Amino acid sequence: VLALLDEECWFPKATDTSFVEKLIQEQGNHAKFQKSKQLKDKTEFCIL
Amino acid sequence: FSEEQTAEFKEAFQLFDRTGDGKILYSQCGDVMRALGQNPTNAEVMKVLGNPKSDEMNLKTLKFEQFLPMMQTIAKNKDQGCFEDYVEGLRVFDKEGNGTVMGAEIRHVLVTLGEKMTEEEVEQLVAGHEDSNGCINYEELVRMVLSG
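Listed in order, the protein sequences are those of chains A and D.
Just so you know, the authors' numbering puts 574 at position 38 of the first sequence, and the rest follows in order with no gaps.
Just so you know, the authors' numbering puts 34 at position 32 of the second sequence, and the rest follows in order with no gaps.
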């Protein structure tokens with residue numbers, strides 16, 4: 537989250553949207569991570 | 003999709019139910035999807051439904067994380083057309099070459115080709131875009147199909 541967001545903070549192609557898209561992209565399948573309850577539209581992430 | 007528009011989709015799902023438990027008929031998939039900013043061909047959907055015939059097309063059930071992935075799995079899309087594609091693809095009833103289109107024939111293609119429209123579907127798309135002789139200015143019929 538933070539590291540993708542440091543990089544994303546220094547970024548023009550990067551939308552709070554693509555922050556969560558980069559989080560799904562990098563993490564996804566991790567046994568402590570979870571996506572939103574379908575709200576990609578609000579762009580949110582549930583985590584253990 | 004954002005949670006916002008997906009909430010609107012959650013409703014466009016929720017409305018369309020049968021036994022009352024989060025269950026949408028296969029049939030409804032593309033049509034709900036169509037309203038949700040999409041025009042997925044029956045062939046496109048049939049791929050991501052698994053080739054039912056009319057029987058289990060009418061009988062088989064979706065649920066939300068079958069529907070919403072399907073929506074997405076077409077939505078990020080490949081070929082989907084623009085004005086230039088559709089003026090040629092709607093010069094498609096030019097009879098001589100005329101800048102205006104064939105009245106019966108625009109109805110017939112819609113019955114006769116691939117994704118066979120009913121009479122109902124045919125007439126609705128076409129009606130009143132012809133003139134006295136039944137020539138349709140396609141250059142406009144195009145924009146009508148492409149936005150609305």
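No residue lacks a Cβ here, since even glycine has one placed at the ideal position from N, Cα and C.
Below 8 Å between beta carbons: does that hold for residue 542(A) and residue 8(D)? Locating residue 542(A) in the first sequence gives position 6, where the first residue counts as 1. Locating residue 8(D) in the second sequence gives position 6, where the first residue counts as 1. It is not a contact, given that the beta carbons lie outside the stated cut-off.
Relative to the C-alpha of residue 97(D), which candidate in 128(D), 5(D), 126(D), 139(D) has its C-alpha closest? The residue given as residue 97(D) occupies position 95 in the second sequence. With distances taken between Cα atoms, residue 97(D) lies closest to 139(D).
Residue burial classification, residue 42(D) (beta-carbon count within 10 angstroms, cutoff 16): Against the second sequence, residue 42(D) aligns to sequence position 40. Under the 10 Å beta carbon count, residue 42(D) is surrounded by 16 or more other beta carbons and is classified as buried.
The beta strand (DSSP E) enclosing residue 569(A), as first and last residue numbers: Position 33 of the first sequence, counted from the first residue, corresponds to residue 569(A). Looking at the DSSP string, the run of the beta strand (DSSP E) that includes residue 569(A) is 569–571.
Residue 94(D) in three-state terms, based on DSSP: For the purposes of this step, residue 94(D) is taken as residue 92 along the second sequence, with counting starting at 1. Three-state result, residue 94(D): coil.
Can you tell me which of the three DSSP states residue 56(D) falls into? Along the second sequence, one-based indexing puts residue 56(D) at 54. Three-state DSSP puts residue 56(D) in a helix.
Give the interface partners of residue 8(D) over in chain A, defined as CB-CB distance under 7 Å, in chain order. By 1-based counting over the second sequence, the position of residue 8(D) is 6. Within 7 Å Cβ-Cβ: 574, 575, 576, 577.
Distance between residue 21(D) and residue 554(A) (C-alpha atoms, nearest Å): Along the first sequence, read from residue 1 onward, the residue named residue 554(A) stands at position 18. Along the second sequence, read from residue 1 onward, the residue named residue 21(D) stands at position 19. About 38 Å.
Nearest chain D C-beta to residue 580(A) closer than 8 Å, yes or no? What you label residue 580(A) is simply residue 44 of the first sequence in a count that begins at 1. It does; some Cβ of chain D falls within 8 Å.
If the cut is a Cβ gap below 7 Å, which residues of chain A does residue 3(D) touch? Translated into positions along the second sequence, residue 3(D) becomes position 1. By Cβ distance, chain A contributes 576, 577.
Going by DSSP, what residue range makes up the alpha helix (DSSP H) through residue 15(D)? Position 13 of the second sequence, counted from the start, is the residue given in the question as residue 15(D). Element bounds for residue 15(D): 5–16.
Checking 8 Å against the spacing of the C-beta atoms, do residue 11(D) and residue 3(D) come in under that value? Residue mapping note: residue 11(D) aligns to position 9 of the second sequence, counting from 1. Residue mapping note: residue 3(D) aligns to position 1 of the second sequence, counting from 1. Contact: yes.
DSSP on residue 575(A), reduced to helix/strand/coil? Numbered from 1 along the first sequence, position 39 holds the residue referred to as residue 575(A). The answer is coil: DSSP assigns residue 575(A) none of H, G, I, E or B.
Would you kindly work out how many angstroms separate the C-alpha atoms of residue 84(D) and residue 148(D), rounded to a whole number? Here residue 84(D) refers to the residue found at position 82 when the second sequence is read from its first residue. Here residue 148(D) refers to the residue found at position 146 when the second sequence is read from its first residue. Cα to Cα, the separation comes out at about 7 Å.
Which whole-angstrom value is the C-beta distance of residue 63(D) and residue 25(D), which I expect to be below 8 Å? Position 61 of the second sequence, counting from 1, holds the residue named residue 63(D). Position 23 of the second sequence, counting from 1, holds the residue named residue 25(D). About 5 Å; that satisfies the 8 Å criterion.
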